[PDB]
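Input: a single structure, listed below in structure tokens.
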Amino acid sequence: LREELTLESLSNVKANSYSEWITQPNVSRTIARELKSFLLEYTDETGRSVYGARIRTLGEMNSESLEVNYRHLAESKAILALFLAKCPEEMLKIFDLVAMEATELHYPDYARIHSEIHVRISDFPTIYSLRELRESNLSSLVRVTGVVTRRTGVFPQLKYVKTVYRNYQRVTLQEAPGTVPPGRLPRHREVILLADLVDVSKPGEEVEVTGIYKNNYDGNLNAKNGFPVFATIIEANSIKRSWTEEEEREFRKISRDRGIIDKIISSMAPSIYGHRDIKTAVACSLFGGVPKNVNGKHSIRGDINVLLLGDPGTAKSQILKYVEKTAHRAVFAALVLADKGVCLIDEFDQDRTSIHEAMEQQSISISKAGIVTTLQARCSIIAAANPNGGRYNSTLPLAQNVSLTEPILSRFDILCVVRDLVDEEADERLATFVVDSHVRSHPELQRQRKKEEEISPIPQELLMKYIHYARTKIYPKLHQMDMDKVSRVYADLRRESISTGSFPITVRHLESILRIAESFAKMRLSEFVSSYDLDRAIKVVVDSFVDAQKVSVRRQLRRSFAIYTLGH
Amino acid sequence: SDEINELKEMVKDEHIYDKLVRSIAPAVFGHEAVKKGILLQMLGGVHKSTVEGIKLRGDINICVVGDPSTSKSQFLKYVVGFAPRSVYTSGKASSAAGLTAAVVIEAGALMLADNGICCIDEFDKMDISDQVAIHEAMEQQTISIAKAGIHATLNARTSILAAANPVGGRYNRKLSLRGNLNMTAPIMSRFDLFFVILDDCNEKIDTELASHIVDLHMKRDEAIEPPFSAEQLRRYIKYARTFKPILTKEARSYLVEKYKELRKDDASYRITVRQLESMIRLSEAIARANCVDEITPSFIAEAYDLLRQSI
Amino acid sequence: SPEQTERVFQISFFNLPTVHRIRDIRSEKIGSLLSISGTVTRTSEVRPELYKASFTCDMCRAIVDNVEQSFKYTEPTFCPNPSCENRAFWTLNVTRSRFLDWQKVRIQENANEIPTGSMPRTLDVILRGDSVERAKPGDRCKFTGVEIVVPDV
DNA sequence: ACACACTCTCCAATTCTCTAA
DNA sequence: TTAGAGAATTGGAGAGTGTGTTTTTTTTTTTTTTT
Ligand SMILES: Nc1ncnc2c1ncn2[C@@H]1O[C@H](COP(=O)(O)OP(=O)(O)NP(=O)(O)O)[C@@H](O)[C@H]1O
Ligand SMILES: [Mg+2]
Ligand SMILES: [Zn+2]
């Protein structure tokens, strides 16, 4: 009762098992005193007691979970770490009851905010996949990794058996495909999430879990297998998966330099040679414009949509894979998952019908059995296609080379055609670059730095951070001076289109020009569009419009349009 | 120790490459080109990836086209009877579910052939609805399942060996291979090598071929007399696959010249950048066959010469 | 350290005189020592099997130990303390009880051995201890052990 | 309401013991 | 040494009580509308 053990007295487990030793009153009181003495006293090398600084922020966020690193608990009072690894279900009860004392020392009457606090363990120093688990692991703490395959809804559950409840949710976890050995199927396990941990993860995420490994009787398993076979589950204890002023100043430094637009385009898709216009269009789509709306009868999207007609093997699928790794959020082939992101299509009636609705709208609506509901698309579409068989025909307009309705070609902001042209010098350049890249990739720090800086003019980590910063912070606008010239150019282009008997230029093209100019302003972190932005946007759209036409019309257009496609 | 001694003895030989080619499929008369292709597929290239995280395919796909009685199925029968990881499947009597994977989840043929050779016989009889499944798997070396609330992704690092019939049963020398073969252009674009077999009637060949066939029916084991034992050859192939050779400087200079020659011949299936990548794979396999850690330019001359027989 | 439980040794045999086919399993050989061969077609995940059990009474502080299971989950017949008669509300002490690793696998006849006009038969095999996850689907294997008979639990 | 599983209770069949002829 | 009168222990007859029951493929032959 009154007397307490020394820490050295705990070195000898005196009962027949660990659990029956931890649960004794004098041992338990000793452990409680020692844990409280650790939590009030552990330090950085700089002093600066970390847990006194964490409890402080627990109340600043009105939170419920205190987080403890295992390495700190192993760095002093090692026996408590050993007992925690062996008997988590007991040790964590004592530790939670100590954590409440420590928090009330900062914030008296915190019990009125939350009645009970949970300790979360981090950095447990050994890991298993779902292969290595065996019966010896039962009731031990484990650390596991995988992909979350399926998730239930959240429900309340009765806490005690006057009443009290807690939140509950189950998650199915599967081995990551990179970990699975060759020629074997992946394994599965199911995880239980309680009060603070529900909806911490989403289906398809790759996730890391710490918790107790636990089992129970199940009648159906016994009945079907015909042997006394128990079922097992994991009870999670913790689950795992911005910028400074220095980054902002660095971004602004590079943006202040001349030619930053060209350098960003050059950094785009380093492994692919040539095809600068495709890289330009992809960069413009990833940065995008600004959305606008006028409740008097009109709305304008900020997203930029691009379509690429590809000869066989002209790098299309590689740049889509590159964009998939570059972009913040994306879908590859579902438009709900592409919300405020980029959507990627590499090959191609109901699918096309869905895309017809998606290009007309920015939000999707559906009804079924009298139910009615709505969803958001709000995304930029990058698509590629094979031109109606083995090879494109340049003598014909674009419609002859595609399996698309006319409004699709109207509503795509940018159209482009890529062809396997014949040139000895280009072939030699391609072949030299290809074998050079092949050698540079061979499995057989300084080597990496040289390789990286030869690969690109911008480090791509900085470029991804820069794209995210620009997308979240920069919102450009037009300047009202040169817009008279834009209107005159629009009228001139329409007059020339009619004069040669071309299909006419339209308001959609003018809108696309303004949107692309906004994107060009965003690329250099400029809140103003400028004359050169309008010039570049005009060149892109005019050249794209010219590429869609028949050959005789193409010659008349380029002869007249020389003062836009090349001059300004 | 005796295994190591025997392996060292055959490794030391000057004429090892020729004997290895000669020891594939002992019962089939002639057709050394296909046998060489089978050996290089069996050894394989070197798998690798770039700084960008994109992967570069390290293995070889082969297709054999021929009019009837050309013994083309004997190559598939030998391969599935020899290679440690392999499966044999007929294009008529199989389903997309049975080829990739099926809900019951249980593994299909391409899953069992992971890190192995998968044999498709009478490919031209397969339904388009299932050819596209093989195409999607071959594009990614990956298989995907999503149905009934169950989702899964699986790895399929499998090399394909296929056999097919020309349309109308006999090949037309007036026409491209695309005209002769009932196969869609994206799938055709993904075979590293195509072999076309033709009767080419000739008394001096017939008089020998008939003798060879009658000897097989007259004596069971005695006729073939191969250069090596099968259990010897498998140990050699296991040993060879441990090498990871590196491309020499002179070979890099030589490759672009040979590729320019192919492009000028092209200026028939149109020659793309993929042919250069395939040629690199074949050169890696050739160097590995010889137990050499450097790609000598002679190996690329061999690979270029072998590849142009498919055109 | 606290007390350490006993090691569950396993005896194993090999190089038996002859190998039978799945088609040669017949009820006269039940409980004898045999060896078999075939191709694997399915495998189960590893599960814990209850080997020896220990229970404690709800109505009084009493404990029962080393209860033996065989094919179905089995519990005590009396309260050992004669001051109590309750037979209900036992709980299995997971710390004091002992488990084993258990895996189910499924095999079918070798294709080259099938007789004329017939089709391949199949069989279910049990693996325990240090031999779980050794087998792989699509591979060819040789097994040895004893054939048994399982009830309708 | 209709076969079952399980619990409770009373009554007489049985064997054991003591006494005297 | 037999036997008969009285006491104690056990078995199971049978009476009673509570209970449970009805009731997304994947593969293969055939008809039908659709390009
Ligand atoms: N700079 C390059 N230019 C062209 N091709 C390249 C280049 N670098 C690599 N390649 C290869 O050429 C192909 C690039 O085009 P890609 O579209 O990805 O091939 P593909 O998907 O098989 N053709 P397709 O099926 O019609 O899309 C790949 O096989 C690449 O490995
Ligand atoms: Mg592609
Ligand atoms: Zn009791």
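Note on naming: chains are A, B, ... as they come in the structure tokens, residues start from 1 per chain, ligands start from 1 in the order shown.
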* To do: Residues up to 9 Å from ligand 3, counting only C-alpha atoms (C1' of nucleotides) and all ligand atoms: could you list those as an MDAnalysis selection string?
  => chainID C and resid 56:63 78:88
* Output the contact residues of chain B with respect to chain E at a cut-off of 10 Å, based on only C-alpha atoms (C1' of nucleotides), as a list in words. =>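 Listing them in order of chain and number gives residues 95, 97, 98, 102, 103, 104, 147, 148, 149 and 150 of chain B.
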Residues from the last selection, N, CA, C and O atoms, saved as a compact mmCIF listing (two decimals), in the first residue's frame:
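Output saved as selection.txt:
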# COMPACT_ATOMS: atom_id res chain seq x y z
N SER B 95 -10.61 -17.41 -71.85
CA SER B 95 -11.38 -16.19 -71.57
C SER B 95 -10.49 -15.12 -70.94
O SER B 95 -9.44 -15.41 -70.37
N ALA B 97 -11.10 -13.46 -68.29
CA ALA B 97 -11.03 -13.75 -66.87
C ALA B 97 -9.99 -14.84 -66.58
O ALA B 97 -9.18 -14.72 -65.66
N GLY B 98 -9.99 -15.92 -67.38
CA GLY B 98 -9.02 -16.98 -67.20
C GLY B 98 -7.60 -16.58 -67.56
O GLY B 98 -6.65 -17.19 -67.07
N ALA B 102 -9.79 -13.76 -62.02
CA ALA B 102 -11.25 -13.93 -61.96
C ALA B 102 -11.76 -13.95 -60.52
O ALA B 102 -11.08 -14.41 -59.61
N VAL B 103 -13.00 -13.45 -60.34
CA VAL B 103 -13.71 -13.54 -59.06
C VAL B 103 -14.31 -14.93 -58.92
O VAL B 103 -14.77 -15.52 -59.91
N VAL B 104 -14.32 -15.45 -57.69
CA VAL B 104 -14.77 -16.83 -57.42
C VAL B 104 -15.61 -16.91 -56.15
O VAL B 104 -15.46 -16.11 -55.23
N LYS B 147 -14.37 -4.52 -58.48
CA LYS B 147 -15.76 -4.93 -58.62
C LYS B 147 -16.28 -5.48 -57.30
O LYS B 147 -15.51 -5.99 -56.48
N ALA B 148 -17.60 -5.36 -57.11
CA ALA B 148 -18.30 -5.96 -55.97
C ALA B 148 -17.75 -5.48 -54.62
O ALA B 148 -17.77 -6.23 -53.63
N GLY B 149 -17.26 -4.24 -54.56
CA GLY B 149 -16.65 -3.69 -53.36
C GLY B 149 -15.22 -4.12 -53.09
O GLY B 149 -14.63 -3.67 -52.10
N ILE B 150 -14.63 -4.96 -53.95
CA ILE B 150 -13.27 -5.48 -53.79
C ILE B 150 -12.39 -4.82 -54.85
O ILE B 150 -12.73 -4.83 -56.04
Using only C-alpha atoms, find the residues of chain B whose closest atom to chain A is at most 9 Å away, then write them as a compact mmCIF listing (two decimals) with N, CA and C atoms, in the first residue's frame.
# COMPACT_ATOMS: atom_id res chain seq x y z
N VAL B 46 18.01 -6.15 -69.38
CA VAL B 46 18.24 -5.61 -68.04
C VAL B 46 17.16 -4.58 -67.72
N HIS B 47 16.41 -4.85 -66.65
CA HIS B 47 15.36 -3.95 -66.16
C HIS B 47 15.96 -2.74 -65.46
N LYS B 48 15.38 -1.55 -65.69
CA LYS B 48 15.92 -0.31 -65.14
C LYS B 48 14.86 0.79 -65.17
N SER B 49 15.16 1.89 -64.46
CA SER B 49 14.27 3.05 -64.38
C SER B 49 15.09 4.34 -64.31
N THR B 50 14.46 5.45 -64.73
CA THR B 50 15.10 6.76 -64.80
C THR B 50 14.88 7.57 -63.53
N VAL B 51 15.58 8.71 -63.45
CA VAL B 51 15.47 9.62 -62.30
C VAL B 51 14.04 10.12 -62.14
N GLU B 52 13.33 10.30 -63.26
CA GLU B 52 11.94 10.74 -63.24
C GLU B 52 10.99 9.73 -62.60
N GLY B 53 11.43 8.49 -62.37
CA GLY B 53 10.60 7.43 -61.83
C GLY B 53 9.92 6.56 -62.86
N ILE B 54 10.02 6.92 -64.15
CA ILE B 54 9.47 6.09 -65.21
C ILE B 54 10.34 4.84 -65.37
N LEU B 56 11.68 1.43 -67.59
CA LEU B 56 12.05 1.02 -68.94
C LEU B 56 11.98 -0.51 -69.03
N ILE B 105 -10.92 -14.04 -55.13
CA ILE B 105 -10.22 -13.83 -56.39
C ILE B 105 -9.24 -14.98 -56.61
N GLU B 106 -9.09 -15.42 -57.86
CA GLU B 106 -8.17 -16.49 -58.23
C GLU B 106 -7.38 -16.11 -59.49
N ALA B 107 -6.11 -16.55 -59.52
CA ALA B 107 -5.14 -16.11 -60.52
C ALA B 107 -5.39 -16.70 -61.91
N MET B 111 -0.78 -14.28 -64.50
CA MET B 111 -0.25 -14.19 -63.13
C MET B 111 0.70 -15.34 -62.83
N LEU B 112 0.36 -16.55 -63.28
CA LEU B 112 1.24 -17.69 -63.07
C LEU B 112 2.55 -17.55 -63.84
N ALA B 113 2.52 -16.85 -64.97
CA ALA B 113 3.70 -16.63 -65.80
C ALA B 113 4.48 -15.36 -65.42
N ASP B 114 4.28 -14.84 -64.20
CA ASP B 114 5.07 -13.70 -63.73
C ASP B 114 6.54 -14.09 -63.63
N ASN B 115 7.41 -13.23 -64.16
CA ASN B 115 8.84 -13.54 -64.33
C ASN B 115 9.02 -14.85 -65.10
N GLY B 149 -17.26 -4.24 -54.56
CA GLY B 149 -16.65 -3.69 -53.36
C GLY B 149 -15.22 -4.12 -53.09
N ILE B 150 -14.63 -4.96 -53.95
CA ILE B 150 -13.27 -5.48 -53.79
C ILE B 150 -12.39 -4.82 -54.85
N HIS B 151 -11.25 -4.27 -54.42
CA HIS B 151 -10.26 -3.65 -55.30
C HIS B 151 -8.90 -4.33 -55.11
N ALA B 152 -8.16 -4.51 -56.20
CA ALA B 152 -6.83 -5.11 -56.13
C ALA B 152 -6.00 -4.70 -57.35
N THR B 153 -4.68 -4.64 -57.14
CA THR B 153 -3.69 -4.40 -58.19
C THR B 153 -2.60 -5.46 -58.06
N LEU B 154 -2.17 -6.03 -59.19
CA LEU B 154 -1.21 -7.14 -59.20
C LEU B 154 -0.14 -6.92 -60.27
N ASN B 155 1.04 -7.51 -60.05
CA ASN B 155 2.18 -7.38 -60.97
C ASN B 155 2.24 -8.55 -61.94
N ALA B 156 2.57 -8.25 -63.21
CA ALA B 156 2.55 -9.22 -64.32
C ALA B 156 3.79 -9.07 -65.22
N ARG B 157 4.99 -9.22 -64.63
CA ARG B 157 6.25 -9.08 -65.37
C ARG B 157 6.50 -10.33 -66.22
N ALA B 185 -3.13 -2.83 -85.01
CA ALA B 185 -1.84 -2.15 -85.05
C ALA B 185 -1.22 -1.86 -83.68
N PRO B 186 -1.95 -1.43 -82.63
CA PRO B 186 -1.30 -1.25 -81.32
C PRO B 186 -0.68 -2.53 -80.75
N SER B 189 2.50 -3.38 -82.71
CA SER B 189 3.59 -2.46 -82.38
C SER B 189 4.41 -2.89 -81.17
N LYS B 244 24.79 -8.27 -65.36
CA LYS B 244 24.09 -7.01 -65.66
C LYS B 244 25.00 -6.11 -66.50
N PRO B 245 25.17 -6.41 -67.80
CA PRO B 245 26.21 -5.73 -68.60
C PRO B 245 25.94 -4.24 -68.85
N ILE B 246 27.02 -3.53 -69.21
CA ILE B 246 27.02 -2.07 -69.39
C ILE B 246 27.44 -1.74 -70.83
N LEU B 247 26.80 -0.71 -71.40
CA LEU B 247 26.97 -0.34 -72.81
C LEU B 247 28.27 0.45 -73.04
N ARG B 252 27.71 3.02 -78.17
CA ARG B 252 26.78 4.15 -78.21
C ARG B 252 26.91 4.90 -79.52
N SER B 253 28.15 5.15 -79.96
CA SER B 253 28.35 5.81 -81.25
C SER B 253 27.81 4.97 -82.41
N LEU B 255 25.40 2.60 -82.40
CA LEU B 255 23.94 2.40 -82.39
C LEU B 255 23.20 3.45 -83.20
N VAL B 256 23.58 4.73 -83.07
CA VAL B 256 22.84 5.76 -83.80
C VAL B 256 23.04 5.61 -85.30
N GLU B 257 24.23 5.18 -85.74
CA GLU B 257 24.45 4.94 -87.17
C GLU B 257 23.55 3.82 -87.68
N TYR B 259 20.74 2.83 -86.35
CA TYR B 259 19.36 3.31 -86.32
C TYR B 259 19.05 4.23 -87.50
N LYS B 260 20.00 5.10 -87.86
CA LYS B 260 19.82 5.95 -89.04
C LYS B 260 19.66 5.10 -90.30
N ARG B 263 16.13 3.89 -90.32
CA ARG B 263 15.21 4.97 -90.67
C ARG B 263 15.25 5.28 -92.17
N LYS B 264 16.43 5.20 -92.79
CA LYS B 264 16.52 5.42 -94.23
C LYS B 264 15.94 4.26 -95.03
N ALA B 267 12.26 5.06 -94.82
CA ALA B 267 11.83 6.26 -95.56
C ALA B 267 11.40 5.97 -97.00
N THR B 272 9.89 3.12 -85.67
CA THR B 272 9.74 4.13 -84.61
C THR B 272 10.94 4.10 -83.67
N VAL B 273 10.90 4.94 -82.62
CA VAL B 273 11.96 4.92 -81.60
C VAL B 273 11.98 3.59 -80.86
N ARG B 274 10.83 2.89 -80.80
CA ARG B 274 10.75 1.63 -80.07
C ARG B 274 11.72 0.58 -80.61
N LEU B 276 14.77 1.08 -81.62
CA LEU B 276 16.08 1.30 -80.99
C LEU B 276 16.10 0.71 -79.58
N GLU B 277 15.03 0.93 -78.82
CA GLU B 277 14.95 0.40 -77.46
C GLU B 277 14.99 -1.13 -77.48
N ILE B 280 18.50 -2.34 -78.19
CA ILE B 280 19.31 -2.30 -76.97
C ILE B 280 19.02 -3.53 -76.11
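With only C-alpha atoms and all ligand atoms as the atoms that count, the residue of A:295, A:309, A:50, A:194 with the shortest distance to ligand 2 is A:309.
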* To do: Tell me which protein, DNA and RNA residues are within 10 Å of range 3-10 of chain D, counting only C-alpha atoms (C1' of nucleotides), leaving out same-chain ones fewer than 3 positions away, and put them as a list in words.
  =>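 Residues meeting the cut-off are residues 13, 14, 15, 16, 17, 18, 19 and 20 of chain E.
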I'd like the neighbourhood of residue 262 in chain B as an mmCIF file with N, CA, C and O atoms, in the first residue's frame, where a residue qualifies if any of its atoms comes within 9 Å (using only C-alpha atoms (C1' of nucleotides)), though same-chain residues fewer than 4 positions away should be ignored.
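Written out: out26.cif:
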data_model
loop_
_atom_site.group_PDB
_atom_site.id
_atom_site.type_symbol
_atom_site.label_atom_id
_atom_site.label_comp_id
_atom_site.auth_asym_id
_atom_site.auth_seq_id
_atom_site.Cartn_x
_atom_site.Cartn_y
_atom_site.Cartn_z
ATOM 1 N N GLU B 257 24.230 5.177 -85.743
ATOM 2 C CA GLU B 257 24.447 4.943 -87.173
ATOM 3 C C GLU B 257 23.547 3.822 -87.683
ATOM 4 O O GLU B 257 22.896 3.952 -88.732
ATOM 5 N N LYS B 258 23.482 2.716 -86.937
ATOM 6 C CA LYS B 258 22.617 1.610 -87.355
ATOM 7 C C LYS B 258 21.138 2.015 -87.335
ATOM 8 O O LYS B 258 20.360 1.624 -88.221
ATOM 9 N N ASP B 266 13.404 2.648 -93.943
ATOM 10 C CA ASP B 266 11.987 2.901 -93.698
ATOM 11 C C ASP B 266 11.443 4.039 -94.565
ATOM 12 O O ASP B 266 10.279 4.002 -94.985
ATOM 13 N N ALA B 267 12.258 5.060 -94.825
ATOM 14 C CA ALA B 267 11.833 6.259 -95.563
ATOM 15 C C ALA B 267 11.400 5.975 -97.004
ATOM 16 O O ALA B 267 10.363 6.468 -97.456
ATOM 17 N N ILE B 271 9.147 2.266 -88.939
ATOM 18 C CA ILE B 271 10.148 2.128 -87.877
ATOM 19 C C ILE B 271 10.122 3.360 -86.966
ATOM 20 O O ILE B 271 10.335 4.490 -87.419
ATOM 21 N N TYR B 304 21.263 -5.988 -84.849
ATOM 22 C CA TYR B 304 20.734 -5.295 -86.023
ATOM 23 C C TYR B 304 20.462 -6.266 -87.162
ATOM 24 O O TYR B 304 19.414 -6.196 -87.815
ATOM 25 N N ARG B 308 16.627 -7.129 -88.690
ATOM 26 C CA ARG B 308 16.225 -6.835 -90.068
ATOM 27 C C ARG B 308 15.636 -8.040 -90.798
ATOM 28 O O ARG B 308 14.982 -7.854 -91.830
#
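For the choices A:503, A:273, A:469, A:243, the atom-to-atom distance to ligand 1 is smallest for A:273 when using only C-alpha atoms and all ligand atoms.
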* **Distance in Å - atom 11 (C, counted along the ligand's line) of ligand 1 versus CA of residue 272 in chain A** =>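 Taking atom 11 (C, counted along the ligand's line) of ligand 1 and CA of residue 272 in chain A, their separation equals 8.5 Å.
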* **CA of residue 558 in chain A to CA of residue 539 in chain A, straight-line distance in Å** => 11.6 Å
* To do: Write down, as a PyMOL selection string, each residue of chain A that has any atom within 8 Å of an atom of chain C, counting only C-alpha atoms.
  => chain A and resi 12-18+134-135+184+187+222-223+226-232
* To do: Using DSSP on the backbone coordinates, identify all residues within range 10-71 of chain C classified as strand (DSSP E or B); present the result as a PyMOL selection string.
  => chain C and resi 20+33-43+47-56+63-68
* If you measure from CA of residue 5 in chain A to CA of residue 34 in chain A, what distance in Å do you get, rounded to one decimal? ->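 So the answer is 10.4 Å.
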* Per-residue DSSP, range 270-311 of chain A, filtered to alpha helix (DSSP H), as a list in words ->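 Answer for range 270-311 of chain A, restricted to alpha helix (DSSP H): residues 276, 277, 278, 279, 280, 281, 282, 283, 284, 285, 286 and 287 of chain A.
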* Pick the closest to ligand 2 from B:86, B:172, B:140, B:180: which is it, counting only C-alpha atoms and all ligand atoms? ->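 The shortest atom-to-atom distance to ligand 2 comes from B:140.
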* Near-residue 18 in chain D list (12 Å; only C-alpha atoms (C1' of nucleotides); drop same-chain fewer than 3 positions) as a list in words ->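 Here the answer would be residues 4, 5, 6 and 7 of chain E.
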Would you mind exporting C-alpha atoms (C1' of nucleotides) of the selected residues as a tab-separated table (two decimals), in the first residue's frame?
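Saved to result-v1.tsv:
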chain	number	residue	atom	x	y	z
E	4	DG	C1'	-37.22	-61.53	11.27
E	5	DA	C1'	-37.85	-56.74	12.72
E	6	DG	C1'	-36.27	-51.90	12.07
E	7	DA	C1'	-33.24	-48.12	9.75
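Nearest to ligand 1 of all the residues A:348, A:466, A:95, A:564 is A:348, counting only C-alpha atoms and all ligand atoms.
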* What lies within 7 Å of residue 54 in chain C using only C-alpha atoms (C1' of nucleotides), ignoring chain neighbours under 4 positions off, as a ChimeraX atom specification? -> /C:64-67,92-93,96-97
* Asked: Using only C-alpha atoms (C1' of nucleotides), which residues sit within 12 Å of residue 56 in chain A once same-chain residues fewer than 4 positions away are excluded, as a list in words?
  ->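 The residues that qualify are residues 49, 50, 51, 52, 60, 61, 62, 63, 66, 102, 103, 104, 105, 106, 107 and 110 of chain A.
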Using only N, CA and C atoms, please write the residues we just selected to a file, as a CSV table (one decimal), in the first residue's frame.
chain,number,residue,atom,x,y,z
A,49,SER,N,11.9,21.8,-23.0
A,49,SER,CA,11.2,20.6,-22.8
A,49,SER,C,10.0,20.4,-23.8
A,50,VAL,N,10.1,19.3,-24.6
A,50,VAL,CA,9.2,19.1,-25.7
A,50,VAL,C,7.8,18.9,-25.3
A,51,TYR,N,7.6,18.1,-24.2
A,51,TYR,CA,6.3,17.6,-23.8
A,51,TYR,C,5.6,18.8,-23.1
A,52,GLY,N,6.3,19.6,-22.3
A,52,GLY,CA,5.7,20.8,-21.8
A,52,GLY,C,5.3,21.8,-23.0
A,60,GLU,N,-4.4,24.7,-27.0
A,60,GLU,CA,-4.5,25.8,-28.1
A,60,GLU,C,-5.4,25.3,-29.2
A,61,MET,N,-5.5,24.0,-29.5
A,61,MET,CA,-6.3,23.5,-30.5
A,61,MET,C,-7.6,22.7,-30.0
A,62,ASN,N,-7.8,22.8,-28.6
A,62,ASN,CA,-8.9,22.2,-28.0
A,62,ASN,C,-9.0,20.7,-28.3
A,63,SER,N,-7.8,20.0,-28.3
A,63,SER,CA,-7.6,18.7,-28.8
A,63,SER,C,-7.8,17.6,-27.7
A,66,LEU,N,-2.7,13.3,-27.1
A,66,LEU,CA,-1.3,13.7,-26.9
A,66,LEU,C,-0.4,12.7,-27.6
A,102,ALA,N,-0.7,15.7,-16.2
A,102,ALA,CA,0.2,16.6,-16.8
A,102,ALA,C,-0.5,17.7,-17.6
A,103,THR,N,-1.6,17.4,-18.3
A,103,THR,CA,-2.3,18.5,-19.0
A,103,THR,C,-3.0,19.4,-18.0
A,104,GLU,N,-3.6,18.9,-16.9
A,104,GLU,CA,-4.3,19.8,-16.0
A,104,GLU,C,-3.3,20.6,-15.2
A,105,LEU,N,-2.0,20.2,-15.2
A,105,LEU,CA,-1.0,21.1,-14.6
A,105,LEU,C,-0.8,22.4,-15.4
A,106,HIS,N,-1.0,22.4,-16.7
A,106,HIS,CA,-1.0,23.6,-17.6
A,106,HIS,C,-2.4,24.3,-17.5
A,107,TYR,N,-3.5,23.5,-17.7
A,107,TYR,CA,-4.8,24.0,-17.9
A,107,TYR,C,-5.8,23.4,-16.8
A,110,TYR,N,-9.5,21.6,-17.4
A,110,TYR,CA,-9.6,21.0,-18.8
A,110,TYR,C,-10.5,19.9,-18.9
